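Following: one structure in structure tokens, then a few remarks.
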Amino acid sequence: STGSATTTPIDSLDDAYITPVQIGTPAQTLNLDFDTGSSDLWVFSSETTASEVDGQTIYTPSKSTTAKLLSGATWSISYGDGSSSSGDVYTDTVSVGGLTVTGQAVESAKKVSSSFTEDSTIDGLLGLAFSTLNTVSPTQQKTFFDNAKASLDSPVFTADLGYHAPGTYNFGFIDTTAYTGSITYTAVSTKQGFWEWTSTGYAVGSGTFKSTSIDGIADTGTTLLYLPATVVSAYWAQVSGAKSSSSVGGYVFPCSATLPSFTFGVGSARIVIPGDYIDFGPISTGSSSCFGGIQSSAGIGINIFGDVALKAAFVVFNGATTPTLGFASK
């Protein structure tokens, strides 16, 4: 089997992307944030504290003939940005782009933090990291991809995120028309539960590529590119007027600047992020100072190849017995 679903930016900055997912019988369609950096599929629901719901579409398990309560099970997650949610657990039929998994754990939120409430466009998350990170207790549950794998034509999914435009998540096949040149594959460590790999280096604008190992994670659920302070400083040093602002929370630059591109290495291959992808707009409405899309990972504890990086590539998440990542230009 295969599936194919369009993913759409939630706003004009590509802060996140939403993908329609059918849950239950008859189908209830919710718009979920596909997150290769976490491993829980959780939704706003009829059980979510009413005061914490503001515009989201909810899942109502009592209206689904295929919903089953997982007796006694609970879940609770905290994300890198400080947001959180928690609740109880159902299993139900879940379909993405024509691909159906029966008995998928659907984690129903009883509580969500303010950042979730405040974002009317995101109805929940669909985790695509390794199932070892799943937070269901007492027994951990499998991700949608893990459950689908054995049925897929090939044990893979691909992320093809758009810049200020829709893109595609495919399951079970590689669309050879969706990229230019060849896909270069690179090793993955699952030791921390992430799609963790080692980039072979970087370049700033037209500068000569620096060969150096950068361990990080491929994370569709993180907006920006977070890299070591040395790398980030070298980038912003090429932008007139750029500075790191503790008050704002990172590097800012004059909105009139022409940003250089940023290149990262995948083996001997190279992915070029255009300068425009690094512009996240005014720091506040009407400001002439803009927020940068490449920021330091110091104090996160891990480097993160988030949407800024991933949207410059066609990315293969290969869930074979020994997982790998593939990157192509597009």
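In case it helps, mature numbering (1 follows the signal peptide of the UniProt record, and there is no 0) puts the sequence shown at residues 70 to 399. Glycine included, C-beta positions come from ideal geometry on N, C-alpha and C.
Ranked by Cα distance from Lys260, the options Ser147, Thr126, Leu202 and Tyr86 are led by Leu202.
With fewer than 16 other beta carbons inside 10 angstroms of its own, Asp222 counts as exposed. Under the three-state reduction of DSSP output, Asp104 falls in the strand class.
Between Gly285 and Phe374, the CB-CB gap stays under 7 Å. For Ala142 against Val205, the beta-carbon gap comes to about 6 Å, under 8 Å, which counts as contact. Annotation: the continuous alpha helix (DSSP H) that includes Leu379 extends over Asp376 to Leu379. Minimum Cα-Cα distance from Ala367 among the listed residues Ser302, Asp288, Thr117 and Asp161 corresponds to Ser302. When DSSP states are grouped into helix, strand and coil, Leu328 belongs to the coil group. When secondary structure is reduced to three states using DSSP, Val257 falls in the coil class, being assigned neither helix nor strand. Sequence-distant partners of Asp123 (beyond 5 residues in either direction) whose C-beta falls short of 8 Å from its own C-beta, in its chain, are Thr186, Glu187 and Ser189. When only Cα atoms are considered, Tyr148 and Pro329 end up about 31 Å apart. Here the region 124-131 makes contact with the region 91-105; the two share three or more CB pairs at distances below 8 Å. Here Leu110 carries a strand assignment [DSSP, helix/strand/coil]. Put simply, the region 354-361 does not touch the region 333-346. Fewer than three CB pairs are less than 8 Å apart. Excluding sequence positions up to five before and after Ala74, its CB lies within less than 6 Å of the CB of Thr88, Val165, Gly166 and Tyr238, all in the same chain and listed in chain order. Taking the Cα positions, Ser145 is about 30 Å away from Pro297.
In the assembly as shown, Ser365 is a buried residue. Its beta-carbon has 16 or more other beta-carbons within 10 Å. Under a 10 Å Cβ-count criterion, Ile342 is classified as buried, with 16 or more other Cβ atoms of the shown protein chains found around its own Cβ. Counting along the chain, the unbroken alpha helix (DSSP H) around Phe213 starts and ends at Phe213 to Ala217. Under the three-state reduction of DSSP, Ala247 is assigned to coil, being neither helix nor strand.
The region 172-180 makes contact with the region 150-164: 3 or more CB pairs, one atom from each, lie closer than 8 Å. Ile369 counts as exposed, since fewer than 16 other C-beta atoms from the protein chains shown sit within 10 angstroms of its C-beta. Comparing alpha carbon positions, the residue from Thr390, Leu82 and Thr391 closest to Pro235 is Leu82. In the displayed model, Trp266 falls within a strand according to three-state DSSP.
Per the DSSP secondary-structure output, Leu294 pairs in a beta bridge with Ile363 and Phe374. A distance of 7 Å or more separates the beta carbons of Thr76 and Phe242. The beta carbon of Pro323 sits closer than 6 Å to those of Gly310, all from its chain and outside the five residues before and after it, given in chain order.
Checking the DSSP bridge columns, you'll see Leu168 partnered with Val165. Here DSSP, grouped into helix, strand and coil, assigns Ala303 to helix.
Under the three-state reduction of DSSP output, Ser154 falls in the strand class. Between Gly388 and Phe214 a beta carbon distance of about 6 Å is seen, short of the 8 Å cut, so the two are scored as contacting. Contact between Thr291 and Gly106 is confirmed by a C-beta separation of about 6 Å, below the 8 Å threshold. Between the alpha carbons of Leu139 and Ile363 lies a gap of roughly 41 Å. Leaving aside the five residues that flank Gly319 on each side, the residues in its chain whose CB is nearer than 6 Å to its CB run, in chain order, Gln364.
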